[PDB]
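Below: structure27.cif (mmCIF, C-alpha atoms)
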data_input
loop_
_atom_site.label_atom_id
_atom_site.label_comp_id
_atom_site.auth_asym_id
_atom_site.auth_seq_id
_atom_site.Cartn_x
_atom_site.Cartn_y
_atom_site.Cartn_z
CA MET A 1 158.63 234.06 9.63
CA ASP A 2 156.17 236.32 7.86
CA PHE A 3 158.03 238.49 5.32
CA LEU A 4 157.48 235.85 2.61
CA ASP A 5 153.79 235.43 1.76
CA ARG A 6 153.69 231.65 1.31
CA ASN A 7 149.88 231.72 1.64
CA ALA A 8 149.04 234.95 -0.20
CA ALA A 9 150.22 233.87 -3.65
CA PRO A 10 147.59 231.91 -5.63
CA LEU A 11 149.97 228.99 -6.12
CA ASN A 12 149.26 225.69 -4.39
CA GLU A 13 152.06 224.21 -2.30
CA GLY A 14 152.84 221.61 -4.97
CA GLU A 15 153.67 224.54 -7.23
CA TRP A 16 155.72 226.12 -4.44
CA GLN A 17 157.59 222.80 -4.14
CA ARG A 18 158.25 222.90 -7.89
CA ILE A 19 159.36 226.56 -7.83
CA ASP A 20 161.78 226.17 -4.94
CA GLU A 21 163.18 223.06 -6.64
CA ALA A 22 163.53 225.05 -9.89
CA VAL A 23 165.52 227.64 -7.95
CA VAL A 24 167.73 225.30 -5.90
CA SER A 25 168.62 223.11 -8.90
CA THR A 26 169.94 226.21 -10.68
CA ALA A 27 171.67 227.68 -7.63
CA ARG A 28 173.66 224.46 -7.22
CA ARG A 29 174.48 224.48 -10.93
CA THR A 30 175.49 228.14 -11.05
CA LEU A 31 177.39 228.86 -7.84
CA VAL A 32 181.15 228.41 -7.74
CA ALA A 33 181.87 230.19 -4.45
CA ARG A 34 180.14 227.66 -2.19
CA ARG A 35 182.47 225.02 -3.67
CA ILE A 36 185.56 227.05 -2.71
CA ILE A 37 184.53 228.97 0.40
CA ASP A 38 182.69 227.53 3.38
CA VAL A 39 179.25 228.87 4.24
CA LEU A 40 178.87 230.41 7.70
CA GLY A 41 175.34 230.04 9.04
CA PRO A 42 172.81 230.59 7.61
CA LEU A 43 171.94 233.12 10.31
CA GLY A 44 168.38 234.23 9.54
CA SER A 45 167.14 237.48 8.07
CA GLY A 46 167.80 239.67 11.11
CA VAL A 47 171.60 239.57 11.07
CA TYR A 48 172.17 242.93 9.38
CA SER A 49 175.95 243.04 9.93
CA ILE A 50 178.75 240.86 11.27
CA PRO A 51 182.02 241.82 13.00
CA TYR A 52 185.14 240.01 11.86
CA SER A 53 188.86 239.89 12.67
CA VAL A 54 191.62 240.58 10.11
CA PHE A 55 194.91 238.97 11.17
CA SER A 56 196.84 240.59 8.32
CA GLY A 57 200.07 240.92 10.30
CA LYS A 58 202.74 238.56 11.60
CA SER A 59 204.21 238.78 15.10
CA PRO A 60 206.76 236.71 17.02
CA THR A 61 206.14 233.49 18.93
CA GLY A 62 207.58 233.07 22.40
CA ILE A 63 210.14 230.42 23.33
CA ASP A 64 211.20 230.15 26.96
CA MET A 65 212.08 227.58 29.59
CA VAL A 66 210.13 229.61 32.16
CA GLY A 67 207.17 230.82 30.10
CA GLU A 68 206.75 234.27 31.61
CA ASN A 69 206.84 237.08 29.02
CA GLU A 70 203.43 238.33 27.89
CA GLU A 71 204.46 240.43 24.87
CA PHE A 72 203.78 237.37 22.69
CA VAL A 73 200.03 237.93 22.32
CA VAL A 74 198.50 237.81 18.85
CA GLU A 75 196.97 241.12 17.79
CA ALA A 76 194.14 241.56 15.35
CA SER A 77 195.75 243.82 12.75
CA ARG A 78 192.36 245.39 12.33
CA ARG A 79 188.84 244.63 13.53
CA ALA A 80 185.99 245.33 11.13
CA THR A 81 182.29 244.85 10.43
CA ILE A 82 180.62 244.16 7.08
CA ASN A 83 176.95 244.57 6.15
CA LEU A 84 174.98 241.87 4.32
CA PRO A 85 173.14 243.35 1.31
CA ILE A 86 170.04 241.78 -0.16
CA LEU A 87 170.66 240.09 -3.50
CA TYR A 88 167.41 239.81 -5.43
CA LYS A 89 165.73 239.41 -8.81
CA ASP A 90 162.05 239.45 -9.77
CA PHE A 91 160.30 236.85 -11.95
CA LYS A 92 156.75 237.35 -13.17
CA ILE A 93 154.34 234.41 -13.53
CA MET A 94 151.68 235.82 -15.88
CA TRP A 95 148.11 235.30 -14.79
CA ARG A 96 146.59 233.31 -17.67
CA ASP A 97 149.30 230.66 -17.33
CA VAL A 98 147.73 229.92 -13.95
CA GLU A 99 144.33 229.34 -15.58
CA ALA A 100 146.08 227.27 -18.27
CA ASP A 101 147.25 225.09 -15.39
CA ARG A 102 143.82 225.16 -13.71
CA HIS A 103 141.94 223.85 -16.74
CA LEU A 104 144.29 223.00 -19.64
CA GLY A 105 146.49 220.93 -17.31
CA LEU A 106 149.70 222.28 -18.87
CA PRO A 107 151.84 223.15 -15.82
CA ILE A 108 153.29 226.57 -15.08
CA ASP A 109 156.41 227.85 -16.88
CA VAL A 110 158.66 228.01 -13.80
CA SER A 111 161.61 228.56 -16.15
CA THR A 112 161.16 232.26 -15.35
CA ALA A 113 161.91 231.31 -11.74
CA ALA A 114 164.93 229.27 -12.85
CA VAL A 115 166.30 232.25 -14.82
CA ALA A 116 165.80 234.50 -11.79
CA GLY A 117 167.59 231.99 -9.57
CA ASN A 118 170.47 231.96 -12.05
CA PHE A 119 170.65 235.77 -12.08
CA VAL A 120 170.74 235.82 -8.27
CA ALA A 121 173.47 233.18 -8.12
CA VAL A 122 175.50 235.06 -10.76
CA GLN A 123 175.18 238.21 -8.65
CA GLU A 124 176.31 236.32 -5.55
CA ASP A 125 179.42 235.15 -7.39
CA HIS A 126 180.01 238.58 -8.92
CA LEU A 127 179.86 240.15 -5.45
CA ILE A 128 182.20 237.55 -3.94
CA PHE A 129 184.86 237.72 -6.66
CA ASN A 130 184.52 241.51 -7.15
CA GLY A 131 183.18 243.48 -4.20
CA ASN A 132 180.63 246.12 -5.13
CA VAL A 133 182.08 249.64 -5.20
CA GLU A 134 178.91 251.36 -3.96
CA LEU A 135 178.63 249.07 -0.93
CA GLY A 136 182.39 249.33 -0.41
CA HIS A 137 182.75 245.57 -0.16
CA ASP A 138 185.94 243.90 -1.29
CA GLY A 139 186.33 240.63 -3.17
CA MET B 1 116.30 204.89 -37.27
CA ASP B 2 118.96 202.26 -38.01
CA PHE B 3 120.93 203.53 -41.01
CA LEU B 4 121.99 206.68 -39.14
CA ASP B 5 125.04 205.54 -37.21
CA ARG B 6 125.14 207.57 -34.00
CA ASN B 7 126.76 205.07 -31.61
CA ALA B 8 129.97 203.90 -33.28
CA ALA B 9 130.93 207.56 -33.62
CA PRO B 10 132.90 208.92 -30.64
CA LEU B 11 130.96 212.16 -30.27
CA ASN B 12 128.72 212.70 -27.25
CA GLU B 13 125.09 213.78 -27.41
CA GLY B 14 126.28 217.20 -26.21
CA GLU B 15 128.23 217.39 -29.47
CA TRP B 16 125.44 215.91 -31.63
CA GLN B 17 122.91 218.48 -30.39
CA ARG B 18 125.28 221.32 -31.32
CA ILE B 19 126.03 219.83 -34.73
CA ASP B 20 122.39 219.19 -35.65
CA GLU B 21 121.35 222.62 -34.36
CA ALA B 22 124.08 224.20 -36.51
CA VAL B 23 122.76 222.30 -39.53
CA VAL B 24 119.12 223.17 -38.87
CA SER B 25 119.86 226.86 -38.24
CA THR B 26 122.05 227.04 -41.36
CA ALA B 27 119.28 225.50 -43.44
CA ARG B 28 116.62 227.81 -42.00
CA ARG B 29 118.81 230.79 -42.83
CA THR B 30 119.80 229.56 -46.27
CA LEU B 31 116.62 228.16 -47.82
CA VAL B 32 114.19 230.02 -50.03
CA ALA B 33 111.99 227.09 -51.09
CA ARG B 34 110.56 226.24 -47.66
CA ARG B 35 109.19 229.81 -47.65
CA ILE B 36 107.33 229.70 -50.98
CA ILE B 37 106.61 225.96 -50.70
CA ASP B 38 105.34 223.93 -47.75
CA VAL B 39 107.01 220.87 -46.28
CA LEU B 40 105.17 217.59 -46.85
CA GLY B 41 105.94 214.92 -44.27
CA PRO B 42 108.74 214.30 -43.38
CA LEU B 43 108.22 210.64 -44.29
CA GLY B 44 111.29 208.85 -42.93
CA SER B 45 114.26 207.35 -44.73
CA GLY B 46 112.50 204.45 -46.35
CA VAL B 47 110.27 206.09 -48.96
CA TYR B 48 112.13 205.78 -52.27
CA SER B 49 109.30 207.24 -54.38
CA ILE B 50 105.92 208.90 -53.87
CA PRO B 51 102.69 208.50 -55.88
CA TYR B 52 101.10 211.89 -56.47
CA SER B 53 97.95 213.06 -58.24
CA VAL B 54 98.01 215.69 -60.97
CA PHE B 55 94.80 217.73 -61.15
CA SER B 56 95.61 220.26 -63.91
CA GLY B 57 91.96 220.81 -64.83
CA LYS B 58 89.25 223.45 -64.49
CA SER B 59 85.77 222.34 -63.45
CA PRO B 60 82.74 223.91 -61.75
CA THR B 61 81.45 223.81 -58.17
CA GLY B 62 78.10 222.59 -56.90
CA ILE B 63 75.49 225.14 -55.86
CA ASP B 64 72.03 223.82 -54.96
CA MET B 65 69.63 223.41 -52.06
CA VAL B 66 70.29 219.65 -51.94
CA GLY B 67 73.02 219.13 -54.53
CA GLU B 68 71.67 216.26 -56.62
CA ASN B 69 74.31 216.37 -59.34
CA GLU B 70 77.63 214.51 -59.13
CA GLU B 71 79.28 216.16 -62.15
CA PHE B 72 81.38 218.17 -59.71
CA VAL B 73 84.04 215.61 -58.74
CA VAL B 74 87.67 216.72 -58.84
CA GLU B 75 89.39 214.60 -61.50
CA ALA B 76 92.99 213.38 -61.33
CA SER B 77 94.07 214.14 -64.90
CA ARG B 78 97.01 211.80 -64.32
CA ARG B 79 98.17 209.97 -61.19
CA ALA B 80 101.92 210.22 -61.78
CA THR B 81 104.87 209.37 -59.49
CA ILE B 82 108.33 210.69 -58.66
CA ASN B 83 111.49 209.20 -57.13
CA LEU B 84 113.18 210.95 -54.18
CA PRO B 85 116.90 211.60 -54.81
CA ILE B 86 119.43 211.93 -52.01
CA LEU B 87 121.21 215.25 -51.73
CA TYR B 88 124.36 214.95 -49.63
CA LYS B 89 127.71 216.45 -48.80
CA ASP B 90 130.49 215.14 -46.58
CA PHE B 91 132.85 216.74 -44.05
CA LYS B 92 135.65 215.67 -41.71
CA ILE B 93 136.14 216.25 -37.99
CA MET B 94 139.79 215.65 -37.07
CA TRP B 95 140.64 213.13 -34.34
CA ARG B 96 142.74 215.86 -32.71
CA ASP B 97 139.68 218.08 -32.36
CA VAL B 98 137.64 215.26 -30.82
CA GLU B 99 140.32 214.41 -28.25
CA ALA B 100 140.74 218.11 -27.49
CA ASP B 101 137.04 218.54 -26.77
CA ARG B 102 137.13 215.25 -24.78
CA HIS B 103 139.84 216.53 -22.44
CA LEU B 104 140.40 220.31 -22.78
CA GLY B 105 136.79 221.29 -23.56
CA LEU B 106 137.74 223.18 -26.73
CA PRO B 107 134.51 222.91 -28.77
CA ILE B 108 134.28 221.06 -32.07
CA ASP B 109 134.77 223.12 -35.25
CA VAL B 110 131.11 222.59 -36.18
CA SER B 111 131.54 225.29 -38.86
CA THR B 112 132.29 222.26 -41.05
CA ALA B 113 128.77 220.93 -40.39
CA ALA B 114 127.35 224.41 -41.04
CA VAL B 115 129.18 224.60 -44.38
CA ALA B 116 127.83 221.17 -45.35
CA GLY B 117 124.32 222.22 -44.36
CA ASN B 118 124.62 225.36 -46.47
CA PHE B 119 125.87 223.41 -49.49
CA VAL B 120 123.09 220.82 -49.33
CA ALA B 121 120.54 223.62 -48.85
CA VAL B 122 121.91 225.32 -51.97
CA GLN B 123 121.59 222.03 -53.84
CA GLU B 124 118.01 221.62 -52.59
CA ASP B 125 117.14 225.06 -53.94
CA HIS B 126 118.94 224.32 -57.21
CA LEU B 127 116.99 221.08 -57.63
CA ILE B 128 113.69 222.79 -56.88
CA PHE B 129 114.05 225.90 -59.05
CA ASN B 130 116.21 224.56 -61.89
CA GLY B 131 115.17 220.91 -61.88
CA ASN B 132 117.71 218.32 -62.95
CA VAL B 133 118.35 216.61 -66.27
CA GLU B 134 119.84 213.27 -65.21
CA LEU B 135 117.25 212.54 -62.52
CA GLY B 136 114.56 213.68 -64.94
CA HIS B 137 113.07 216.00 -62.30
CA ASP B 138 111.29 218.90 -63.92
CA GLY B 139 111.55 222.08 -61.88
#

Rewritten as structure tokens:
Amino acid sequence: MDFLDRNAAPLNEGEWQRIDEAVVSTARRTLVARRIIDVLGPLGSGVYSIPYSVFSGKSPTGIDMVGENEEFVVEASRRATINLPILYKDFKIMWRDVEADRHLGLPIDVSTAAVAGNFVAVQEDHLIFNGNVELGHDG
Amino acid sequence: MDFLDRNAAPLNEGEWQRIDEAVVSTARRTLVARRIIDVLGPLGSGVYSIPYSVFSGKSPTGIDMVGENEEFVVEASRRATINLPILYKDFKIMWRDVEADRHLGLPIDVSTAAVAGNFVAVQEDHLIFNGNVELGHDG
């Protein structure tokens, strides 16, 4: 997959492996929802929307010695589809900190990346507990 | 030379060359005396005192087809002597600065050495023009 420029950024892959770790270790800290609600997928970037059933109603169960009536089918009280927004935040590794790594040995301040990861996770929770009005989600 | 310790010190030759050049250049800016007065020698460390002739006398010059007469010798009115004082000043280079230059390449604060060079050059001029009482050097 090509929409993330893993080779175009100046950062060596050791620094990538520190930045992803500095995201994941604050996602796991910050998220509540994934402790309550099971994850489905992940599905990849392409899955723009998902259809889902809503069994809001109750309807009778059959009981028969013969087993013949067919009224006793479960409905789906509605059927719906929901669109997956992008959650995102931008963090800004300033250029001379790279040279400070290159020559002064003092490694990059990835805490910007950690704070971005936290802001993303907090938006994920905020969306899940309180659906965004503009997107018309519900939480 | 032996007395000049340049091997137990931590500093590289690439530091020494900078420090000495900063001293020399600060002297050559600062001094007046080495303009009006010529350098004799230098003689090395080990000369504590110098014998020197005083002429201080007016006498004719020989002018003849064969120059029989020997009246015309230059006479040392007195063959006096003088002792060479040390002028010095001392300065510190912090261990932090050394270890910084030895890992991070941040150059030594040789402005200390320049300030010492300036102060000794000022004392050289003060000795030469004003003399000194305690040494007994007439200026």

If you apply the PyMOL selection byres ((chain B) within 9 of (chain A)) to this file, what residues do you get, as a JSON list (two decimals) with C-alpha atoms, in the coordinates of the input?
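Listed below is the output, part_26.json:
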[["chain", "number", "residue", "atom", "x", "y", "z"],
["B", 103, "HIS", "CA", 139.84, 216.53, -22.44],
["B", 104, "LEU", "CA", 140.40, 220.31, -22.78],
["B", 105, "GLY", "CA", 136.79, 221.29, -23.56]]

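For the pair atom CA of residue B:39 and atom CA of residue B:114, the interatomic distance is 21.3 Å.
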
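Interatomic distance, atom CA of residue A:7 against atom CA of residue A:46: 21.8 Å.
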
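Taken over the shown file, the PyMOL selection byres ((chain A and resi 1-5) around 12) identifies residues 6, 7, 8, 9, 10, 11, 16, 44, 45 and 46 of chain A.
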
Original post:
residue A:138: which residues within 10 Å, counting all atoms listed in the file, same-chain residues fewer than 2 positions away excluded, as a PyMOL selection string?
Top reply: chain A and resi 82+127-133+135-136

What does chain B look like once superposed on chain A, all Cα atoms paired in sequence order, least squares? Give it as an mmCIF file with C-alpha atoms, in the coordinates of the input.
data_model
loop_
_atom_site.group_PDB
_atom_site.id
_atom_site.type_symbol
_atom_site.label_atom_id
_atom_site.label_comp_id
_atom_site.auth_asym_id
_atom_site.auth_seq_id
_atom_site.Cartn_x
_atom_site.Cartn_y
_atom_site.Cartn_z
ATOM 1 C CA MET B 1 159.987 234.195 8.814
ATOM 2 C CA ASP B 2 157.388 236.947 8.360
ATOM 3 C CA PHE B 3 158.595 239.106 5.465
ATOM 4 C CA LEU B 4 158.517 236.147 3.061
ATOM 5 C CA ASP B 5 154.908 236.069 1.922
ATOM 6 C CA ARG B 6 154.049 232.435 1.221
ATOM 7 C CA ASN B 7 150.334 232.384 2.106
ATOM 8 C CA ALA B 8 148.710 235.191 0.120
ATOM 9 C CA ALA B 9 150.252 233.656 -2.994
ATOM 10 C CA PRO B 10 148.020 231.068 -4.704
ATOM 11 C CA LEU B 11 150.714 228.452 -5.249
ATOM 12 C CA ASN B 12 150.619 225.191 -3.303
ATOM 13 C CA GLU B 13 153.522 223.762 -1.328
ATOM 14 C CA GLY B 14 153.898 221.212 -4.140
ATOM 15 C CA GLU B 15 154.697 224.175 -6.386
ATOM 16 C CA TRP B 16 156.894 225.973 -3.820
ATOM 17 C CA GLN B 17 159.090 222.895 -3.319
ATOM 18 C CA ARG B 18 159.674 222.652 -7.081
ATOM 19 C CA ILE B 19 160.412 226.362 -7.397
ATOM 20 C CA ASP B 20 162.854 226.492 -4.477
ATOM 21 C CA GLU B 21 164.557 223.283 -5.621
ATOM 22 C CA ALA B 22 164.964 224.799 -9.100
ATOM 23 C CA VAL B 23 166.533 227.891 -7.537
ATOM 24 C CA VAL B 24 168.853 225.933 -5.250
ATOM 25 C CA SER B 25 169.981 223.561 -8.019
ATOM 26 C CA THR B 26 170.546 226.484 -10.407
ATOM 27 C CA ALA B 27 172.652 228.257 -7.801
ATOM 28 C CA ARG B 28 174.674 225.134 -6.997
ATOM 29 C CA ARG B 29 175.384 224.687 -10.693
ATOM 30 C CA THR B 30 176.130 228.338 -11.359
ATOM 31 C CA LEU B 31 178.253 229.509 -8.428
ATOM 32 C CA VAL B 32 182.024 229.566 -8.266
ATOM 33 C CA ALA B 33 182.448 231.467 -4.987
ATOM 34 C CA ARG B 34 180.880 228.876 -2.672
ATOM 35 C CA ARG B 35 183.607 226.507 -3.925
ATOM 36 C CA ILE B 36 186.638 228.697 -3.165
ATOM 37 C CA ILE B 37 184.940 230.388 -0.191
ATOM 38 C CA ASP B 38 182.928 228.877 2.657
ATOM 39 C CA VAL B 39 179.423 229.876 3.670
ATOM 40 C CA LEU B 40 179.154 231.683 7.007
ATOM 41 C CA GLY B 41 175.762 231.356 8.670
ATOM 42 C CA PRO B 42 173.189 231.737 7.170
ATOM 43 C CA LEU B 43 172.104 234.369 9.698
ATOM 44 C CA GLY B 44 168.472 235.108 8.839
ATOM 45 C CA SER B 45 166.897 238.140 7.215
ATOM 46 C CA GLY B 46 167.392 240.579 10.032
ATOM 47 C CA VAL B 47 171.157 241.126 10.103
ATOM 48 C CA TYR B 48 171.776 244.386 8.232
ATOM 49 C CA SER B 49 175.524 244.484 8.966
ATOM 50 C CA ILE B 50 178.188 242.268 10.525
ATOM 51 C CA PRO B 51 181.140 243.227 12.762
ATOM 52 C CA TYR B 52 184.258 241.372 11.662
ATOM 53 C CA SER B 53 187.851 241.282 12.889
ATOM 54 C CA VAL B 54 190.797 241.967 10.604
ATOM 55 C CA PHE B 55 193.960 240.124 11.652
ATOM 56 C CA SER B 56 196.409 241.084 8.866
ATOM 57 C CA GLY B 57 199.487 240.544 11.036
ATOM 58 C CA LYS B 58 202.356 238.087 11.439
ATOM 59 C CA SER B 59 203.307 236.983 14.946
ATOM 60 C CA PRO B 60 205.014 233.974 16.549
ATOM 61 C CA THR B 61 203.669 230.881 18.314
ATOM 62 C CA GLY B 62 204.348 229.692 21.842
ATOM 63 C CA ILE B 63 206.699 226.762 22.373
ATOM 64 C CA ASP B 64 207.609 225.891 25.970
ATOM 65 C CA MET B 65 207.181 223.216 28.615
ATOM 66 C CA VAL B 66 204.715 225.404 30.544
ATOM 67 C CA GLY B 67 204.267 228.444 28.310
ATOM 68 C CA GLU B 68 204.800 231.342 30.706
ATOM 69 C CA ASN B 69 204.817 234.107 28.111
ATOM 70 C CA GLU B 70 201.664 235.854 26.873
ATOM 71 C CA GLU B 71 203.280 237.732 23.970
ATOM 72 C CA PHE B 72 201.626 235.237 21.637
ATOM 73 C CA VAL B 73 198.066 236.607 21.493
ATOM 74 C CA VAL B 74 196.474 237.012 18.069
ATOM 75 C CA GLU B 75 195.844 240.740 17.590
ATOM 76 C CA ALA B 76 192.880 242.233 15.728
ATOM 77 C CA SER B 77 194.698 244.893 13.701
ATOM 78 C CA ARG B 78 191.309 246.519 13.128
ATOM 79 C CA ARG B 79 187.801 245.390 14.081
ATOM 80 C CA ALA B 80 185.965 246.694 11.014
ATOM 81 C CA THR B 81 182.362 246.144 9.840
ATOM 82 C CA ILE B 82 180.443 245.656 6.602
ATOM 83 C CA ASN B 83 176.814 246.117 5.521
ATOM 84 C CA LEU B 84 174.978 243.260 3.764
ATOM 85 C CA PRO B 85 173.396 244.363 0.457
ATOM 86 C CA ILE B 86 170.378 242.640 -1.051
ATOM 87 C CA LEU B 87 170.874 241.023 -4.429
ATOM 88 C CA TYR B 88 167.549 240.366 -6.142
ATOM 89 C CA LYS B 89 165.793 239.748 -9.412
ATOM 90 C CA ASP B 90 162.092 239.467 -10.182
ATOM 91 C CA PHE B 91 160.008 237.199 -12.429
ATOM 92 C CA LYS B 92 156.351 236.694 -13.341
ATOM 93 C CA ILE B 93 154.186 233.575 -13.303
ATOM 94 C CA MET B 94 151.082 234.143 -15.441
ATOM 95 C CA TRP B 95 147.633 233.635 -13.901
ATOM 96 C CA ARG B 96 146.832 231.373 -16.860
ATOM 97 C CA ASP B 97 149.689 229.052 -15.929
ATOM 98 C CA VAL B 98 148.557 228.891 -12.298
ATOM 99 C CA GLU B 99 144.956 228.051 -13.214
ATOM 100 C CA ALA B 100 146.211 225.488 -15.724
ATOM 101 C CA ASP B 101 148.300 223.713 -13.101
ATOM 102 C CA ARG B 102 145.343 224.020 -10.660
ATOM 103 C CA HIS B 103 142.985 222.173 -13.002
ATOM 104 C CA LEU B 104 144.838 220.465 -15.895
ATOM 105 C CA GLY B 105 148.037 219.584 -14.000
ATOM 106 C CA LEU B 106 150.300 221.262 -16.566
ATOM 107 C CA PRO B 107 153.338 222.171 -14.419
ATOM 108 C CA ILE B 108 154.425 225.740 -13.755
ATOM 109 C CA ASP B 109 157.068 227.210 -16.090
ATOM 110 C CA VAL B 110 159.586 227.281 -13.228
ATOM 111 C CA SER B 111 162.312 227.983 -15.822
ATOM 112 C CA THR B 112 161.524 231.600 -14.905
ATOM 113 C CA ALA B 113 162.605 230.907 -11.307
ATOM 114 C CA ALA B 114 165.701 229.094 -12.603
ATOM 115 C CA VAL B 115 166.621 232.089 -14.776
ATOM 116 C CA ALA B 116 166.204 234.422 -11.791
ATOM 117 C CA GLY B 117 168.346 232.138 -9.647
ATOM 118 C CA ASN B 118 171.053 232.111 -12.307
ATOM 119 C CA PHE B 119 171.012 235.904 -12.620
ATOM 120 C CA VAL B 120 171.262 236.505 -8.873
ATOM 121 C CA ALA B 121 174.036 233.890 -8.663
ATOM 122 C CA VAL B 122 175.910 235.745 -11.410
ATOM 123 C CA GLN B 123 175.457 238.976 -9.466
ATOM 124 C CA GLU B 124 176.718 237.288 -6.286
ATOM 125 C CA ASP B 125 179.862 236.191 -8.111
ATOM 126 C CA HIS B 126 180.268 239.645 -9.655
ATOM 127 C CA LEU B 127 180.000 241.283 -6.231
ATOM 128 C CA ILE B 128 182.502 238.871 -4.713
ATOM 129 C CA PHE B 129 185.191 238.925 -7.411
ATOM 130 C CA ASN B 130 184.807 242.472 -8.751
ATOM 131 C CA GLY B 131 183.511 244.240 -5.653
ATOM 132 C CA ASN B 132 181.199 247.198 -6.113
ATOM 133 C CA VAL B 133 181.836 250.932 -6.188
ATOM 134 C CA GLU B 134 178.532 252.363 -4.948
ATOM 135 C CA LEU B 135 178.174 249.982 -2.002
ATOM 136 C CA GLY B 136 181.847 250.540 -1.232
ATOM 137 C CA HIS B 137 182.453 246.775 -1.055
ATOM 138 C CA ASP B 138 186.029 245.955 -1.915
ATOM 139 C CA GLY B 139 186.362 242.637 -3.709
#

Original post:
For the file shown, what are the residues hit by the PyMOL selection byres ((chain A and resi 55) around 10), laid out as a list in words?
Top reply: residues 52, 53, 54, 56, 57, 58, 74, 75, 76, 77, 78 and 79 of chain A

Those selected residues, please, written with C-alpha atoms and delivered as a CSV table (one decimal), keeping the file's coordinate frame.
chain,number,residue,atom,x,y,z
A,52,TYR,CA,185.1,240.0,11.9
A,53,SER,CA,188.9,239.9,12.7
A,54,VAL,CA,191.6,240.6,10.1
A,56,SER,CA,196.8,240.6,8.3
A,57,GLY,CA,200.1,240.9,10.3
A,58,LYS,CA,202.7,238.6,11.6
A,74,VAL,CA,198.5,237.8,18.8
A,75,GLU,CA,197.0,241.1,17.8
A,76,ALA,CA,194.1,241.6,15.4
A,77,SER,CA,195.8,243.8,12.8
A,78,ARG,CA,192.4,245.4,12.3
A,79,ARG,CA,188.8,244.6,13.5

Using the file's own x, y and z axes, what box holds all listed atoms of stretch 78-81 of chain A with 8 Å on each side, keeping edges along x, y and z, and what are its centre and edge lengths in Å to one decimal, as AutoDock Vina command-line options?
--center_x 187.3 --center_y 245.0 --center_z 12.0 --size_x 26.1 --size_y 16.8 --size_z 19.1

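Across the model, the gap from atom CA of residue A:14 to atom CA of residue A:32 is 29.2 Å.
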
**OP:** Have a look at A:42, A:62, A:51, A:107 and name the one nearest to residue A:12; count all atoms listed in the file.
**Re:** A:107

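For the set B:73, B:110, B:115, B:27, the residue with the smallest atom-to-atom gap to residue B:15 is B:110, counting all atoms listed in the file.
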
Near residue B:50, within 9 Å and counting only C-alpha atoms, which residues show up once chain neighbours fewer than 2 positions away are dropped, as a PDB file with C-alpha atoms, keeping the file's coordinate frame?
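Contents of the output file part_31.pdb:
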ATOM      1  CA  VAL B  47     110.270 206.090 -48.960  1.00  0.00           C
ATOM      2  CA  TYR B  48     112.130 205.780 -52.270  1.00  0.00           C
ATOM      3  CA  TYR B  52     101.100 211.890 -56.470  1.00  0.00           C
ATOM      4  CA  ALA B  80     101.920 210.220 -61.780  1.00  0.00           C
ATOM      5  CA  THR B  81     104.870 209.370 -59.490  1.00  0.00           C
ATOM      6  CA  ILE B  82     108.330 210.690 -58.660  1.00  0.00           C
ATOM      7  CA  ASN B  83     111.490 209.200 -57.130  1.00  0.00           C
ATOM      8  CA  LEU B  84     113.180 210.950 -54.180  1.00  0.00           C
TER       9      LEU B  84
END

Subject >> Distance query stretch 89-98 of chain B at most 7 Å, all atoms listed in the file, self and fewer than 5 positions along chain excluded, as JSON, numbers by chain >> reply: {"B": [108, 112, 113, 116, 120]}
